[PDB]
Amino acid sequence: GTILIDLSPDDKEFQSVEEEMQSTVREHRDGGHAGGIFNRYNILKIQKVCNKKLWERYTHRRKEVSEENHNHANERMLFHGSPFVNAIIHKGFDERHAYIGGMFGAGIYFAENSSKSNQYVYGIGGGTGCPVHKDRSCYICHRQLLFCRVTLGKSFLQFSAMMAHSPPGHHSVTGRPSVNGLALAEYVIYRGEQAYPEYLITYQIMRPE
Ligand SMILES: Cc1cc(=O)[nH]c2cc(-c3ccccc3F)ccc12
Ligand SMILES: [Zn+2]
């Protein structure tokens with residue numbers, strides 16, 4: 001059911017999605033251990049993900065969440081990196097994409113910083129890096145991230161010093177780093193249907209000059 005439409009680098013849509021990738025790269029406390037050392041990406045391809053059944057499943061949950069939240073879906077566009085990207089675009093988010101040992105509980109994690117999502121592309125902690133070179137910092141192998149449509153509803157705000165249930169009366173968690181002033185937020189949902197993987201982004205990290 002999924003088809004992938006290539007966006008043209010000349011399309012303004014390509015350009016804004018790229019802009020969202022590039023502008024939300026930050027430094028990481030791990031010095032680049034998990035995701036590699038870089039300031040920017042070489043974007044190789046951006047594809048629109050089209051699945052009518054996954055879309056309808058998303059919008060159905062959105063309306064529900066909306067209605068429970070004073071007509072406010074609190075829909076964001078957020079990054080998600082994961083070794084399961086190929087499975088997610090075809091069958092959608094589920095409990096097997098949940099982070100059991102996450103700071104904010106057992107659910108699916110999403111990030112405002114593209115470089116936060118890039119840390120998970122090879123697994124928790126960057127796993128053992130790219131399959132070809134075992135390099136968490138590989139500048140050669142093609143990586144992929146999702147830029148997703150996420151329904152937050154009433155988000156429970158959790159400060160951090162940086163599948164479960166949502167907190168009673170809440171539809172998601174906002175994990176908001178309180179120490180690193182430059183680290184953007186992360187969000188957790190507990191239902192696969194609250195996220196839609198709209199864009200599939202293919203890229204390399206770029207070695208700094
Ligand atoms: C925090 C986070 C951001 C993100 O873009 N992707 C993640 C994936 C996971 C994850 C969960 C289960 C299996 C593999 C993963 F990479 C955990 C946390 C994140
Ligand atoms: Zn590699």
Side-chain angles (χ1 to χ4, degrees), residues 17 20-22 24-30 32-38 41-42 44 49 76-150 152 155-156 158-164 172-180 183-192 194-207:
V17 173
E20 221 67 47
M21 279 285 275
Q22 305 284 13
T24 59
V25 169
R26 56 150 170 111
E27 306 203 323
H28 287 271
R29 296 182 106 195
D30 73 349
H33 189 79
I37 302 178
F38 65 92
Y41 313 101
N42 173 38
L44 292 161
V49 181
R76 303 300 169 82
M77 283 306 303
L78 292 166
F79 299 98
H80 187 89
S82 160
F84 308 114
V85 157
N86 184 246
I88 296 167
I89 69 192
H90 289 104
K91 285 169 142 162
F93 287 97
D94 59 72
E95 68 283 341
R96 304 232 53 201
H97 316 118
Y99 186 13
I100 300 300
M103 304 217 338
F104 315 107
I108 312 172
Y109 285 59
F110 290 93
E112 286 172 1
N113 282 113
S114 74
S115 53
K116 168 48 72 153
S117 292
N118 171 69
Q119 295 182 312
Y120 290 87
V121 151
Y122 297 127
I124 300 337
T128 67
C130 60
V132 167
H133 309 98
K134 317 316 213 171
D135 188 0
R136 273 177 306 259
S137 194
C138 190
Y139 301 115
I140 286 148
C141 298
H142 295 196
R143 305 165 184 230
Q144 290 179 312
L145 279 195
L146 303 166
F147 193 38
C148 309
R149 212 172 270 265
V150 183
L152 303 176
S155 200
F156 176 95
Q158 174 71 218
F159 289 107
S160 100
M162 298 297 98
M163 203 142 57
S172 59
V173 168
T174 303
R176 214 195 179 269
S178 71
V179 166
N180 188 3
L184 305 181
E186 300 169 38
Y187 301 85
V188 190
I189 58 181
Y190 301 93
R191 289 163 143 283
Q194 272 172 239
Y196 184 78
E198 286 228 333
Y199 306 93
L200 174 63
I201 299 164
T202 309
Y203 73 97
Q204 293 154 310
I205 53 160
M206 289 183 64
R207 185 197 322 266

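Values below: every heavy atom of this structure, side chains too, minus hydrogens, waters and symmetry copies. Read the numbers this way: they start at 1 and go in the same order the structure lists the ligands and their atoms. Heads up: numbering here begins at 1 and tracks the sequence.
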Quiz item: Got the residues with a heavy atom under 4.0 Å of ligand 1, by chain and number?
Solution: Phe79, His80, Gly81, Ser82, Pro83, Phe84, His97, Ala98, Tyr99, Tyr109, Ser117, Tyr120, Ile124, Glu186
Quiz item: Considering all heavy atoms of both residues, which atom of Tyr120 and which atom of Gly125 are nearest to each other, and what is their separation?
Solution: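 That closest heavy-atom pairing would be CE2-N, 4.4 Å.
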Quiz prompt | Contact summary for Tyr190 and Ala164, nearest pair of heavy atoms | solution = CD2-O, 3.2 Å
Quiz prompt | Atom of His133 closest to the Zn ion (ligand 2), considering N, O or S atoms | solution =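 The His133 atom nearest to the Zn ion (ligand 2), restricting to N, O or S, is ND1.
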Practice problem: Go through the steps for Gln204 and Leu44 under the test side-chain contact (heavy atoms from CB on, under 4.5 Å), then give the verdict. | Solution: CA-CA 7 Å; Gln204 293 154 310; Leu44 292 161; 3.9 Å; yes
Quiz item: What angle sits at the Zn ion (ligand 2) between SG of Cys141 and SG of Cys130, to 10°?
Solution: 120°
Quiz item: Residues two or more places apart in sequence or in another chain: which of them pass salt bridge (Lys or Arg N to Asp or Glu O under 4.0 Å) with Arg136?
Solution: none
Practice problem: Tell me, with the steps shown, if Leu146 and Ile89 meet side-chain contact (heavy atoms from CB on, under 4.5 Å). | Solution: CA-CA 9 Å; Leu146 303 166; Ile89 69 192; 3.7 Å; yes
Practice problem: Specify whether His80 and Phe93 have parallel, tilted or perpendicular ring planes, treating 30° as the upper limit for parallel and 60° as the lower limit for perpendicular. | Solution: perpendicular
Quiz prompt | Test ring-ring contact (aromatic ring centres under 6.0 Å, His included) applied to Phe38 and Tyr203, step by step | solution = CA-CA 13 Å; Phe38 65 92; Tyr203 73 97; 7.9 Å; no
